[PDB]
Amino acid sequence: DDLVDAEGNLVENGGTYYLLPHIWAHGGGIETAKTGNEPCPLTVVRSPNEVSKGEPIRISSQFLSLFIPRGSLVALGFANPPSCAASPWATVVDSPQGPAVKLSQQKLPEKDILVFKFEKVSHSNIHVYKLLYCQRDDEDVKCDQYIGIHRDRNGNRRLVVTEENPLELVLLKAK
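- Per the PDB record, the structure was determined using X-ray crystallography to 1.900 Å resolution.

- You'll find the protein entered in the PDB entry as Chymotrypsin inhibitor 3, with Psophocarpus tetragonolobus given as the organism.
- Listed under Function in UniProt, the entry text for the protein is "Inhibits alpha-chymotrypsin at the molar ratio of 1:2 in state of 1:1."
- Checking UniProt for the protein, the heading Sequence similarities contains the comment "Belongs to the protease inhibitor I3 (leguminous Kunitz-type inhibitor) family."

If you want it as structure tokens, here you go:
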């Protein structure tokens, strides 16, 4: 069983998608914001605008195949990343508030990038996924945490590792 997009078509490996909430009242798509003493927008957030599709995100499987098997590790890359980032890849990095999804000004190894999995949320006609964060040690993988939303002091809806508001997403093909 492969990953399926919001329109019912298989997700294409390396293709670009908007990551939208299943419940549109939860906000819009995925984007970036500058927080703390960041020099540029490195914090990955969900748009507070329910009409916004956010940024196109490239979803790249650990496997060199046309589609994405459901248990595949994936990397999430901004199609149009902020110019200050060293690469387009969003990863989990420690923040002063705890592990959070961010872009980086450092080039990261594959073991820090291929760290996500989409987990199908049991039924609904439209394919809805939670976003797992996976530990890696050599060949071993443990996906025991989720990505969810933490609203900061300034009202940014940050993507963080947490059990608070676990994301449930639909994947809409960008064009």
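Back to the write-up after that little detour.
**Some details on the state of the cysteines**
Inference 1: For the structure on display, the rule yields two disulfides.
Inference 2: Here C40 is linked by a disulfide to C84, with a sulfur-sulfur distance of 2.0 Å. The sign of the 95 degrees torsion about the S-S bond sets the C40-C84 disulfide as right-handed. Of this pair, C40 sits in the loop between β2 (30-33) and β3 (43-46) while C84 is found in the loop between β5 (74-78) and β6 (89-95), placing the two residues 44 residues apart along the sequence.
Inference 3: Owing to a relative accessible area of 22%, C84 belongs among the partly exposed residues under this scheme.
Inference 4: Each bonded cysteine of the protein is numbered by sequence order, and under that numbering the disulfide pairs are 1-2, 3-4.

**Some details on the side chain of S60**
Inference 1: Tracing the backbone shows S60 in strand β4 (residues 57-61).
Inference 2: A residue is classified by how much of its surface remains accessible, and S60, at 15% relative accessible area, is buried.
Inference 3: Beyond its immediate sequence surroundings of up to four residues, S60 is in contact with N13, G14, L73, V74, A75, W89 and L114.

**Some thoughts on the environment of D140**
Inference 1: If you trace the backbone, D140 turns up in strand β10 (residues 140-151).
Inference 2: As for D140 and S72, which are separated by 68 residues in sequence, their C-alpha atoms are 13 Å apart.

**Concerning the side chain of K117**
Inference 1: The topology assignment puts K117 in strand β8 (residues 116-120).
Inference 2: For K117, the side chain forms a polar contact with the main-chain oxygen of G71, separated by 3.0 Å.
Inference 3: Apart from residues lying up to four places away in sequence, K117 is in contact with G71, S72, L73, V74, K130, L131, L132, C134, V141 and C143.

**Structural notes on unusual backbone geometry**
Inference 1: In this structure, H123 is a non-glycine residue whose phi angle is positive, near 50 degrees.
Inference 2: One can find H123 in the loop between β8 and β9 (129-137).
Inference 3: Using a relative accessible area of 66% as the deciding quantity, one classes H123 as exposed.
Inference 4: Even without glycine at this site, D138 takes up a positive phi of about 60 degrees.
Inference 5: On the secondary structure map, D138 appears in the loop between β9 and β10.
Inference 6: Owing to a relative accessible area of 73%, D138 belongs among the exposed residues under this scheme.

**A few points about the nonpolar core**
Inference 1: Counting 33 residues, the largest nonpolar core has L19, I59, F116, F118 and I147 as the members making the most contacts within it.
Inference 2: Leave out the neighbours within four places in its chain, and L19 touches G28, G29, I30, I57, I59, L76, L169, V170 and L171.
Inference 3: Core analysis: the second largest hydrophobic core is formed by seven residues, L73, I113, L114 and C134 among them.

Calculation notes
- Residues numbered from 1 in each chain as written, not as in the entry; some residues may be left out.
- Heavy atoms only, no water.
- UniProt positions renumbered as here; feature names shortened; annotations may be inferred.
- Disulfide = S-S within 2.5 Å.
- Helix = DSSP H or I, 4+ residues; strand = E, 2+ residues; numbered from the N terminus.
- Buried < 20%, exposed > 50% of the residue type's maximum accessible area, 1.4 Å probe, protein only.
- Contact = heavy atoms within 4.5 Å.
- Polar contact = N/O pair within 3.5 Å; in protein donor to acceptor, adjacent residues only side chain to side chain.
- Core = buried A, V, L, I, M, F, W, Y, C linked by side-chain atoms within 4.5 Å.

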